[PDB]
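Sequence order for the protein chains is i, R, q, F, c, M, h, g and X. The first sequence lines up with residues 33 to 124 when you count with the authors' numbering. The second sequence lines up with residues 15 to 50 when you count with the authors' numbering. The third sequence lines up with residues 25 to 111 when you count with the authors' numbering. The fourth sequence lines up with residues 45 to 121, 151 to 287 when you count with the authors' numbering. The fifth sequence lines up with residues 31 to 107, 119 to 128 when you count with the authors' numbering. The sixth sequence lines up with residues 9 to 47, 86 to 295 when you count with the authors' numbering. The seventh sequence lines up with residues 50 to 159 when you count with the authors' numbering. The eighth sequence lines up with residues 57 to 166 when you count with the authors' numbering. The ninth sequence lines up with residues 2 to 74 when you count with the authors' numbering. Just so you know, even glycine gets a beta-carbon here, dropped at the ideal spot from N, CA and C.
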Amino acid sequence: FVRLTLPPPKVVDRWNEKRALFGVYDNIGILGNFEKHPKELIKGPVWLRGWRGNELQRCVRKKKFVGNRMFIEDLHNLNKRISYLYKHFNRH
Amino acid sequence: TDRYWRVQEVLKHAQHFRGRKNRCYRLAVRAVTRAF
Amino acid sequence: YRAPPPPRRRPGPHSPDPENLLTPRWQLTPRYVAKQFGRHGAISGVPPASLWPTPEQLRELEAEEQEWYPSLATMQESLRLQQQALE
Amino acid sequence: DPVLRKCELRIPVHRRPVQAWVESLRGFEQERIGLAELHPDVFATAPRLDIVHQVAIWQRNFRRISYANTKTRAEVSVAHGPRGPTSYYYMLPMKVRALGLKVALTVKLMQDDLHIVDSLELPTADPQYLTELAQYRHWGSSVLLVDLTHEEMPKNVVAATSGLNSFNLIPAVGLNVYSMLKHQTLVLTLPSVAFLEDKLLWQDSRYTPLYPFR
Amino acid sequence: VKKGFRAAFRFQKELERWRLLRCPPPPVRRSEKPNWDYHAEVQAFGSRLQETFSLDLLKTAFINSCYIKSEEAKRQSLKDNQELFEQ
Amino acid sequence: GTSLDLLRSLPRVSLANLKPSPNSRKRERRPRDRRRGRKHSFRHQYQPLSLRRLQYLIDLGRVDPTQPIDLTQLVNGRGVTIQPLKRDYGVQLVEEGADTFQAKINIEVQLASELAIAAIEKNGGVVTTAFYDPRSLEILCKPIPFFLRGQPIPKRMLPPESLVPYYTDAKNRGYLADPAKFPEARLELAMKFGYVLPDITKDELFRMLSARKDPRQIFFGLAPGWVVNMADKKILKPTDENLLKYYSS
Amino acid sequence: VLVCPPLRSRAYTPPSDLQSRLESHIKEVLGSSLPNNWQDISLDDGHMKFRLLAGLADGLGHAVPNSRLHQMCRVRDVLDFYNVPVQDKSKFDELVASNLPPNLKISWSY
Amino acid sequence: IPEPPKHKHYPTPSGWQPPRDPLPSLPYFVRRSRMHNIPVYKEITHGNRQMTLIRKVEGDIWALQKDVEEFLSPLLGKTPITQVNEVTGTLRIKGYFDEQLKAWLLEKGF
Amino acid sequence: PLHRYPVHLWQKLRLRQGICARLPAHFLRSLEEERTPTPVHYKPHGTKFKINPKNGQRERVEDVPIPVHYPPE
RNA sequence: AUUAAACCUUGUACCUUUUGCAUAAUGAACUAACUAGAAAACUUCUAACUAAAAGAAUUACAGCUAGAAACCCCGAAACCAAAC
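Now the structure itself:
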């Protein structure tokens, strides 16, 4: 069934600092004499900063990067998940 | 989220049917096509 | 709004702290020290004399030279023997 | 005394130079003080908007990272659910990106949305004056101000732009296609144009790098 | 609770349709309803009939005794159509 | 360009106006509905250079004619592509352009063709062959990185016994060749074509063209065992007697 | 202490004495006082172009577009460029002052 | 990339010759490649269709197409089959005819 | 979360803090210092170079100590 | 269709499956939600640049670079380890 009440009114500012300053320095490499590569500006998980791969590759790279810092429970779960993923992609 | 309107489309053509057919979408849809 | 200052890479030599456990081993190797010298030269402060092989290294280097790298005279002898065998 | 500028690089003989009106922000009526020349190979390129479209998509999508994840039935102590953190980063050829930026400059100039200025220095730091000046010169609701380097940008301009959401102050290195499209009109200092021209013009005769540029 | 505003807006239209069907509103004259111009309609009315009417005379014919009382009542808080009616 | 006249008339573009190019993106099939419902190493990998390309390089002024031809300069000029991962071991010459490449210049190539040698010598050019270790040659192509590492210039290696006969051969004009045979050898090459041999000594720049480094020496300019003050833009030479003994070793 | 001047319209109509203002501008800007074949004079000179265009724009009140700036090589282009009228009237404004018929009603709700 | 050095006698012994001076006054101008070479490339697609492409086309592309069609019609024996990508300023022609077109371009002075 | 220090560094932290830090320096040095036992059942490789099978080139070699079990007895 | 709800006239429930046939045979009391196609090695197509292409490691006698384009679900009898 459907709502019988109106949702709260929402107004979004498209000129906020985050949106206004979005994309600045995206040309750092070409405009910065190539001292800093644009890949250096990527913020995210360490094992996938400036790198891309399939789900299996991402998990494997994650294991290598933080394997020494991973929990035993997480490490055991990752190994079990990897085994299932390995069989599916490499045999089916 | 608009499945209700889809039912209404069948219902408007099946309102004049008799029995559970006029009120059951599974049956109402079949009758409408046969009638058409 | 005014844009933030552009990000800048820190220039100049950077010396890792040897005692710190976190610092990776490869960053504390002499090869790393030699790399620092090349980047900044005198600003690095690496003694130029250290760059050349040490006397113990010098003795080791000569061992491979004799063991693995024959001289021209030795090859000339080998050519003569092989030519005689071929003849 | 007209301020006369000529392109530092050699313009092709078969291509005539591009020109625009030099302006100053010192006074409300200081609209025209000099004439400047612009390289045709930069400011008179072909109008290829698909490259600009491609650059915009890359700009928005190269920073995209999705962190959605869900547990499947085997992972319960979803048939097709999100699987861990995923990133969409990719790199367009830097020659195309340079080409796309060149096209954008022509569009703003041909559309009379680009305003070349000698310097950004302002008599007052009041944000009202900047808005007031834009109205007098029929500038767009959104105006982008670019300076050569971040460190030397005047304090008065910073204060005016800092308090204005639709008027954004960026350094020359921070210029990008998205901001130019987002902002109705573009204000560029003369030194910034030369700096931009050098890098954009330098793109030609691009020896493939045998080693990192650093 | 399903998210989104379009679905909620659609249901509101559904509620309005049922209300109109169940309880049709009382009739109201087009004069009270919006987009009414007496002068414009008369000109179109005459042209549509392909007949020529004197606006002043036509207004008097449309004017009724009952209408004046309502206006007079509001005024308290003009020629009738009798002469034209007889002819 | 009437297209520009269209641009000026048209209204200012906006972010929303952006549209993908025709045929840029193909369609895809989704499972939402019934549509998808139901169902050799030992042999050196010599890299050749065309004389016509050499004429092209010379004619375009890509390489300075005054400076003797240097493999490093060719790398700096992007003349040829050498990949250490490919394990390239040698550089050779090509007989192409034999009739359309009329020029004289000094050059050194790891391998040279007998026919090509005479043709360039007929014009008056100087051709020789030197042996660079594949590891050493990689350093030669990219000298800056090892300066960054801080390594000093090492002594140039010598060919294995398999390749010694080629370099030692006088006709091959290798650095291991006997110089005494060169005057006789050059005449024989001149006799083979029959062209009048132009003596190199007659050339005003004879010493510059004939200049050659020591077999141990990797660089014409720089002696082996040297160091470079890259930061100070200067050259540093070891002053230790034992180091001289090490270089002798 | 800085007050914005009133906004100015972009609508320009060719003056009745167009040549008079044009020749007077050249008579003052150009020392030769409107020499022979003035129409075919080149504007490549930066100083002359700035003085002539700026003076004409102030006196006439119409300014060369930056996109059209490079096209002004010769005085003929300038003379032709100025003589074409420019109207700021909106399409709705033109419709309002277009003898609206009695059966057509327009109301601007913006 | 260094600009080509001035040579006492053209064509150069290799055969390269810089663009003829003065340049032709045709509506369309063909600029040289970054390497100062004629922008003509032989291309094959689908493994059976030989093609030749001109990239650096400037000016009126239609005028160039008419001349190219006229020049190639006699040699080919009929009007050439071509595809025009105006957006990219490139011309596509079936078959390999670079040598004749390259010689013809030299005649134009490009 | 993820541990800033790996498991092997956890022991180091305990050694550097608490009663372990208060332990005598001489004893700590004895514990910290590690000396390789003299080889008994395994000898180092005679040659320092060998022909790499995969690339067919001479390569450096390494020594693998033989595994030996020492009972508590 | 009709003035007229029923009469007169016409018409062998549905899904799947069997032969492209069911008067076979399976499955369905009904309502609401939930419930099943996922990967780029190469090709065509869209563009950049070009005897060169790529922001290092790749390929090149028009190639090279970027983008886009793809391959489900539920269900056994079992087998083994460690506990109870």
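Through-space distance from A97(q) to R104(q), alpha-carbon basis | Position 80 of the third sequence, counted from the start, is the residue given in the question as residue 104(q). Position 73 of the third sequence, counted from the start, is the residue given in the question as residue 97(q). Roughly 11 Å separates the two Cα atoms.
Residue burial classification, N59(i) (beta-carbon count within 10 angstroms, cutoff 16) = As a working mapping, residue 59(i) is identified with position 27 in the first sequence. Result: buried.
Tell me whether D94(h) sits in a helix, a strand or coil according to DSSP, three-state version.
-> As a working mapping, residue 94(h) is identified with position 45 in the seventh sequence. Note: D94(h) maps to coil in three-state DSSP.
For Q74(F), collect the residues of the same chain with a Cβ closer than 8 Å to its Cβ; drop the 5 residues on either side in sequence, then sort them by chain order.
-> Position 30 of the fourth sequence, counted from the start, is the residue given in the question as residue 74(F). Within the same chain, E67 and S68 come within 8 Å of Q74(F) by CB-CB distance, once the 5 residues on both sides are set aside.
Chain i contact residues for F87(F), given Cβ-Cβ distances below 7 Å | For the purposes of this step, residue 87(F) is identified with residue 43 of the fourth sequence, where counting begins at 1. Residues of chain i passing the Cβ test: none, with the nearest at roughly 17 Å.
Looking only at DSSP bridge pairs, what is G220(M) linked to?
-> Within the sixth sequence, residue 220(M) is the residue found at index 174, counting from 1. Bridge partners of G220(M): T175(M).
Through-space distance from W275(F) to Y221(M), alpha-carbon basis | As a first step, residue 221(M) must be located in the sixth sequence, where it is residue number 175. As a first step, residue 275(F) must be located in the fourth sequence, where it is residue number 202. For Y221(M) and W275(F), the distance between alpha carbons rounds to 42 Å.
In angstroms, rounded to a whole number, what distance separates the CA positions of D123(g) and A233(F)?
-> In the eighth sequence, residue 123(g) corresponds to position 67, counting from 1. In the fourth sequence, residue 233(F) corresponds to position 160, counting from 1. Answer to the nearest angstrom: the Cα atoms are 58 Å apart.
Give a yes or no on whether the C-beta atoms belonging to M183(F) and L26(M) are separated by under 8 Å.
-> Here residue 183(F) is taken as the residue at index 110 of the fourth sequence, counted from 1. Here residue 26(M) is taken as the residue at index 18 of the sixth sequence, counted from 1. The answer is no: Cβ separation not under 8 Å.
Distance, Cα to Cα, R156(F) vs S29(M)?
-> The residue you call residue 156(F) lines up with position 83 of the fourth sequence. The residue you call residue 29(M) lines up with position 21 of the sixth sequence. Cα-Cα distance, rounded: 32 Å.
Could you list which residues in chain q have their beta carbon closer than 8 Å to that of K13(X), in chain order?
-> The residue labelled residue 13(X) in the question sits at position 12 within the ninth sequence. Chain q residues near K13(X): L45.
Is the beta carbon of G76(i) sitting closer than 8 Å to the one on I109(F)?
-> Along the first sequence, read from residue 1 onward, the residue named residue 76(i) stands at position 44. Along the fourth sequence, read from residue 1 onward, the residue named residue 109(F) stands at position 65. The criterion of a C-beta distance shorter than 8 Å is satisfied by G76(i) and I109(F).
Could you spell out the range, first to last residue, of the alpha helix (DSSP H) harbouring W160(g)?
-> Here residue 160(g) corresponds to residue number 104 of the eighth sequence, with the count starting at 1. Element bounds for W160(g): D154 to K164.
Return no unless some Cβ of chain g is closer than 8 Å to the Cβ of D277(F).
-> On the fourth sequence, position 204 is the one that residue 277(F) refers to. By this cut-off, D277(F) is an interface position.
Three-state secondary structure assigned by DSSP to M237(M) = As a first step, residue 237(M) is located in the sixth sequence; it is residue number 191 there, counting from the start. Of the three classes helix, strand and coil, the one that applies to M237(M) here is helix, per DSSP.
Which same chain residues, not among the five before or five after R111(g), have their C-beta less than 6 Å away from its C-beta?
-> The count along the eighth sequence starts at 1 and reaches residue 111(g) at position 55. Sequence-distant partners of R111(g) (beyond 5 residues in either direction) whose C-beta falls short of 6 Å from its own C-beta, in its chain, are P95 and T146.
Return the chain-ordered list of same chain residues with a C-beta closer than 7 Å to the C-beta of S239(F), the five sequence neighbours on each side being excluded.
-> As a first step, residue 239(F) is located in the fourth sequence; it is residue number 166 there, counting from the start. Excluding residues within five positions, the ones whose Cβ falls inside 7 Å are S214 and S215.
Should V120(F) go down as buried or exposed, given a rule of 16 or more other Cβ atoms within 10 Å for buried?
-> Translated into positions along the fourth sequence, residue 120(F) becomes position 76. Exposed, since its Cβ has fewer than 16 Cβ neighbours within 10 Å.
In angstroms, rounded to a whole number, what distance separates the CA positions of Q80(c) and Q73(c)?
-> For the purposes of this step, residue 80(c) is taken as residue 50 along the fifth sequence, with counting starting at 1. For the purposes of this step, residue 73(c) is taken as residue 43 along the fifth sequence, with counting starting at 1. A straight line joining the alpha-carbon of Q80(c) with that of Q73(c) spans about 11 Å.
List the residues of chain c whose Cβ lies closer than 8 Å to the Cβ of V34(i), in chain order.
-> What you label residue 34(i) is simply residue 2 of the first sequence in a count that begins at 1. Near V34(i) (Cβ distances below 8 Å), the residues of chain c are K32, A37, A38 and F41.
Residue nearest to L251(M) in terms of C-alpha spacing, selected from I163(M), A162(M) and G171(M) | Here residue 251(M) refers to the residue found at position 205 of the sixth sequence. The shortest C-alpha separation from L251(M) is found at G171(M).
Give the C-beta separation of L120(g) and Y84(g) to the nearest angstrom, bearing in mind that I take them to be a contact with Cβ-Cβ under 8 Å.
-> Reading the eighth sequence from its first residue, position 64 is the one you call residue 120(g). Reading the eighth sequence from its first residue, position 28 is the one you call residue 84(g). Going by Cβ atoms, the distance from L120(g) to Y84(g) rounds to 4 Å, so yes, they are a contact pair.
Assign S69(h) to one of three DSSP states: helix, strand, or coil.
-> Along the seventh sequence, read from residue 1 onward, the residue named residue 69(h) stands at position 20. Looking at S69(h) - three-state DSSP - the assignment turns out to be helix.
Just mark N111(i) as buried or exposed, buried being the case when its beta carbon has 16 or more other beta carbons within 10 Å.
-> Position 79 of the first sequence, counted from the first residue, corresponds to residue 111(i). In this structure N111(i) is exposed. Its beta-carbon is surrounded by fewer than 16 other beta-carbon atoms within 10 angstroms.
List the residues of chain X that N100(i) touches, going by C-beta distances under 7 Å, in chain order.
-> Mapped onto the first sequence, residue 100(i) falls at position 68. Within 7 Å Cβ-Cβ: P7.
Are there three or more Cβ pairs, one per stretch, closer than 8 Å when the region 55-62 of chain q is compared with the region 193-211 of chain M?
-> Inter-segment contact for the region 55-62 of chain q and the region 193-211 of chain M is present: three or more beta-carbon pairs are separated by less than 8 Å.
Between the beta-carbon of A100(F) and the beta-carbon of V250(F), is there less than 8 Å?
-> Position 56 of the fourth sequence, counted from the start, is the residue given in the question as residue 100(F). Position 177 of the fourth sequence, counted from the start, is the residue given in the question as residue 250(F). For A100(F) and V250(F), yes; Cβs fall inside 8 Å.
Residues sharing a beta bridge with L195(F), DSSP = Residue mapping note: residue 195(F) aligns to position 122 of the fourth sequence, counting from 1. Paired residue(s): none; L195(F) is not in a bridge.
Leaving out five residues before and five after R33(q) in sequence, what residues of the same chain have Cβ atoms less than 8 Å from its Cβ?
-> What you label residue 33(q) is simply residue 9 of the third sequence in a count that begins at 1. Only residues of its own chain outside the window of five on either side were considered, and among them none has a CB closer than 8 Å to the CB of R33(q).
Validate contact between the region 50-65 of chain F and the region 87-101 of chain q using beta carbons, cut 8 Å, 3 pairs = Counting Cβ pairs under 8 Å, fewer than three are found: no touch.
Note down, in chain order, all residues in the region 50-72 of chain q with a beta-carbon under 9 Å from any beta-carbon belonging to chain M.
-> Taking 9 Å as the Cβ-Cβ cut-off against chain M, the residues of the region 50-72 of chain q that qualify are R55, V57, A58, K59, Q60, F61, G62, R63, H64, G65, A66, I67, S68, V70 and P72.
Every unbroken beta strand (DSSP E) inside the region 146-198 of chain M [3 residues or more] = Here the runs fully enclosed are 152-154 and 172-174.
Ordered along the chain, which non-local residues of its own chain (more than five positions away) have a Cβ less than 8 Å from that of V126(M)?
-> For the purposes of this step, residue 126(M) is identified with residue 80 of the sixth sequence, where counting begins at 1. Closer than 8 Å at the Cβ level, and outside the excluded window around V126(M), lie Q93, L95, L120 and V137.
What are the boundary residues of the beta strand (DSSP E) that includes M107(g)?
-> Numbered from 1 along the eighth sequence, position 51 holds the residue referred to as residue 107(g). The continuous beta strand (DSSP E) containing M107(g) extends over residues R105 to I110.
Cβ-Cβ separation, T175(M) to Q156(M) (assumed contact under 8 Å), whole Å | The residue you call residue 156(M) lines up with position 110 of the sixth sequence. The residue you call residue 175(M) lines up with position 129 of the sixth sequence. Between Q156(M) and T175(M) a beta carbon distance of about 6 Å is seen, short of the 8 Å cut, so the two are scored as contacting.
How long is the line joining the alpha carbons of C53(h) and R210(F), rounded to whole angstroms?
-> Taking the seventh sequence and counting its residues from 1, the one referred to as residue 53(h) is at position 4. Taking the fourth sequence and counting its residues from 1, the one referred to as residue 210(F) is at position 137. CA-CA distance, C53(h) to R210(F), rounds to 10 Å.
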